[PDB]
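Visitor: What follows is a structure written as structure tokens; I'll ask about it next.
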Amino acid sequence: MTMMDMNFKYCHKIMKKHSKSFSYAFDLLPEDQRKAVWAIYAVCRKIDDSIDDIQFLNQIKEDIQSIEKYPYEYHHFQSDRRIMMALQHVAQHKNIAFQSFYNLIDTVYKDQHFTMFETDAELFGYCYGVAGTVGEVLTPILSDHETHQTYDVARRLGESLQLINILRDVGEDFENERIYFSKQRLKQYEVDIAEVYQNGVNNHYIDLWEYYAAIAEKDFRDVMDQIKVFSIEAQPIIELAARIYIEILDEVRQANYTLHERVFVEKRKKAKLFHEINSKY
Ligand SMILES: [Mg+2]
């Protein structure tokens with residue numbers, strides 16, 4: 001393989017190491033598209049993990065800015081060369097929504113001074129920042145002609161995926177001093193996450209969790225209803241990614257909403273969903 005192949009293989013490794021679900025689905029795309037997805041996804045992961053000082057994050061941002069301003073010049077990247085070389089390669093063939101990467105970077109910087117969200121509006125604003133943006137950047141790769149609708153559908157799906165992630169990770173996030181449910185909603189439902197972490201679930205908690213799960217599910221249905229905005233080859237792949245991730249909600253229920261382990265959809269179940277979907281197509 002070539003040097004560029006090596007850069008993309010590394011991006012693949014990062015994506016698969018982070019999400020078995022998204023790698024399972026997206027690796028089914030045609031070669032050129034899945035490679036572009038590995039590259040964009042790896043860039044988002046590097047941004048999301050950068051703090052663990054803002055030093056490296058600042059480098060990533062300057063690297064992306066160099067690509068945006070001079071896509072066909074050679075750059076001595078400051079952050080992760082393999083990933084930026086791959087992103088630049090993609091940038092030379094596809095329209096990348098650079099502002100969406102900057103919105104993501106801005107959100108991650110803010111996360112440094114994290115304080116609970118006062119309202120669901122702030123929570124959903126956070127979902128846009130860390131995941132709606134990912135949906136936006138992948139949009140040109142997964143569609144033939146991008147319209148505001150294409151971005152809207154991709155943005156909403158990313159945000160729904162983030163909300164499902166939050167619903168899966170209540171426990172581990174709490175251990176890491178983060179609570180994503182809003183203070184407004186916690187007060188309304190009379191839920192104290194630390195109390196639930198210590199004592200186990202109860203009906204108030206389950207009702208609150210289900211309140212958010214219903215939002216994720218409805219947004220998922222709306223996205224499925226508009227799947228035709230994506231290219232014919234990406235449609236079943238996106239449906240699979242979404243279904244695989246959404247199944248996480250049932251896995252949490254089956255584990256009695258436990259705050260003490262990370263539930264998951266086993267590979268065999270992922271293959272079952274692919275079968276059902278791929279049968280529709
Ligand atoms: Mg999480």
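Each row is one residue, and each column tells you yes or no for (1) among the basic types (K, R); (2) out of contact with any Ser or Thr (no Cβ under 7 Å at 6 or more places or on another chain).
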position: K187; (1), (2): yes, yes
position: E190; (1), (2): no, yes
position: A194; (1), (2): no, yes
position: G200; (1), (2): no, yes
position: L208; (1), (2): no, yes
position: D219; (1), (2): no, no
position: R253; (1), (2): yes, yes
position: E261; (1), (2): no, yes
position: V265; (1), (2): no, no
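Visitor: When you look at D250, is it surrounded by fewer than 16 Cβ atoms within 10 Å (Cβ to Cβ), under 23 Å from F124 (Cα atoms) and of a type outside the set (A, V, I, L, M, F, W, C), yes or no?
Guide: On the way: surrounded by fewer than 16 Cβ atoms within 10 Å (Cβ to Cβ): yes; under 23 Å from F124 (Cα atoms): yes; of a type outside the set (A, V, I, L, M, F, W, C): yes.
Yes: the conditions hold for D250.
Visitor: Go through the range 1-55 residue by residue and tally those that are outside any loop (DSSP other than H, G, I, E, B), of a type outside the set (A, V, I, L, M), over 19 Å from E68 (Cβ atoms) and touching a helix residue (DSSP H, G or I) at 6+ places or on another chain (Cβ under 8 Å).
Guide: The total comes to 17.
Visitor: Those residues that are in contact with a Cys (Cβ under 8 Å, 6 or more places away or on another chain), among the aliphatic types (A, V, I, L, M) and under 21 Å from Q55 (Cα atoms), I need them from the range 68-100; list them, please. Walk me through it before giving the result.
Guide: Here is the first cut: in the range 68-100, the residues in contact with a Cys (Cβ under 8 Å, 6 or more places away or on another chain) are 82-83, 86.
Checking which are among the aliphatic types (A, V, I, L, M) leaves us with 83, 86.
Answer for the range 68-100, where residues must be in contact with a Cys (Cβ under 8 Å, 6 or more places away or on another chain), among the aliphatic types (A, V, I, L, M) and under 21 Å from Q55 (Cα atoms): just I83.
Visitor: Name the single residue that is farthest from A121 (Cα to Cα) among those in the range 172-185 being away from the ligand (no atom under 16 Å from the Cβ) and touching a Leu at 6+ places or on another chain (Cβ under 7 Å). So that I can check it myself, show each step before the final result.
Guide: The initial filter retains those residues of the range 172-185 that are away from the ligand (no atom under 16 Å from the Cβ), namely 182-185.
Now narrow it down to the ones that are touching a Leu at 6+ places or on another chain (Cβ under 7 Å): 182, 185.
On the way: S182: 9, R185: 11 Å.
Filtering first and then ranking leaves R185.
Visitor: May I pose another question? With the condition kept exactly as written, say whether any residue in the range 235-242 is more than 14 Å from the ligand (Cβ to nearest atom), surrounded by 14 or more Cβ atoms within 10 Å (Cβ to Cβ), within 17 Å of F22 (Cα to Cα) and among the acidic types (D, E).
Guide: Within the range 235-242, one or more residues are more than 14 Å from the ligand (Cβ to nearest atom), surrounded by 14 or more Cβ atoms within 10 Å (Cβ to Cβ), within 17 Å of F22 (Cα to Cα) and among the acidic types (D, E).
Visitor: Taking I206, is it surrounded by 15 or more Cβ atoms within 10 Å (Cβ to Cβ), of a type outside the set (D, E, K, R) and under 20 Å from the mean Cα position of the chain (by Cα)?
Guide: Working: surrounded by 15 or more Cβ atoms within 10 Å (Cβ to Cβ): yes; of a type outside the set (D, E, K, R): yes; under 20 Å from the mean Cα position of the chain (by Cα): no.
It is false that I206 is surrounded by 15 or more Cβ atoms within 10 Å (Cβ to Cβ), of a type outside the set (D, E, K, R) and under 20 Å from the mean Cα position of the chain (by Cα).
Visitor: Answer yes or no as to whether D169 is within 11 Å of the ligand (Cβ to nearest atom), buried (at least 17 other Cβ atoms within 10 Å of the Cβ) and among the acidic types (D, E).
Guide: Details: within 11 Å of the ligand (Cβ to nearest atom): yes; buried (at least 17 other Cβ atoms within 10 Å of the Cβ): yes; among the acidic types (D, E): yes.
Judged against the criteria, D169 is a match.
Visitor: Assuming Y74 fulfils every condition listed in (1) part of a helix (DSSP H, G or I); (2) farther than 21 Å from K17 by Cα apart from one, which condition is it?
Guide: The number of the failed condition is (1).
None of the figures in this text is laboratory data; all of them are computed from the coordinates on show. Ideal geometry is used to build each Cβ from the backbone, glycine not excepted, and the neighbour counts take in all protein chains shown.
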